[PDB]
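Novice: here is the sequence, then the experimental structure:
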Amino acid sequence: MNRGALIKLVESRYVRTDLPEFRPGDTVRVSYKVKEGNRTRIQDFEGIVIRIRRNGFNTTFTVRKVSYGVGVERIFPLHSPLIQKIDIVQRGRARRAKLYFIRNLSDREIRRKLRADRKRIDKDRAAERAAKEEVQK
RNA sequence: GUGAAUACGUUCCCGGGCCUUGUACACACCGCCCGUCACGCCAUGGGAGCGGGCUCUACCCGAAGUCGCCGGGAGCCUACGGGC
Ligand SMILES: [Mg+2]
């Protein structure tokens, strides 16, 4: 009874963890499986993460990509069993949670609102490489 | 066979001839010619609007690119002053 919410978690065997961390205000790419008509592809889709809707298992994130002169957005679930690889590319300062203004105001004016959150860079650059020596010995 | 009147004269009506005049007339005034209207054809201006081409003013976004800066709380060659 008093486990009412543990029940769902128990139902969460479909849980992954090789996902690297990130937070709204930075760009990233995924790699996805699409029924490519006859077969299936690894559709590398790189963009900016916009929104993050957290709810334990069914936590979703929305990625936006400007392709061929068209502002697109793409919504993915975190534990989706379709993410082969997924690797960040850059990180940036937040100042706000969501950011439904990159919709309207998409240009170079976002190359100055993003800015390089170099703090987490060193953080990423730390365990990425300096901890490799903590494997090869 | 017998056997008259008057023309003073050309002002005026008619015909013809000649001179001059005019013309747009010339199978020659039964001529020539004008404009509306009616019919068909032809381009055409105006004209509620329709379709394009070109140019200009202002503002927004802005690929590749040279040039000025930072090149730093990283990447990298180090030729460790530096260069990508
Ligand atoms: Mg006309």
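Specialist: Nice, I can see it. Residues are numbered from 1 along each chain as shown, chains lettered A, B, ... in the order given.
Novice: roughly how far apart are residue A:63 and residue A:27?
Specialist: Distance of residue A:63 to residue A:27, given as Cβ to Cβ, to the nearest Å: 9 Å. Heads up, the C-betas are built off the backbone N, CA and C, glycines and all.
Novice: quickly list what's touching both of the two.
Specialist: In terms of Cβ atoms under 8 Å, 6 or more residues apart in numbering, residue A:63 and residue A:27 are both contacted by the residues A:47, A:48, A:49.
Novice: just name the closest of those residues to RNA strand B, please.
Specialist: Of all these, RNA strand B sits closest to residue A:48, with 14.7 Å by Cβ to the nearest atom of the strand.
Novice: mind listing what the closest one touches?
Specialist: A:26, A:27, A:28, A:63, A:64, A:65, A:102, A:114.
Novice: confirm that it sits in a strand.
Specialist: Yes. The assignment for residue A:48 is a strand, going by DSSP: H, G, I helix; E, B strand; the rest coil.
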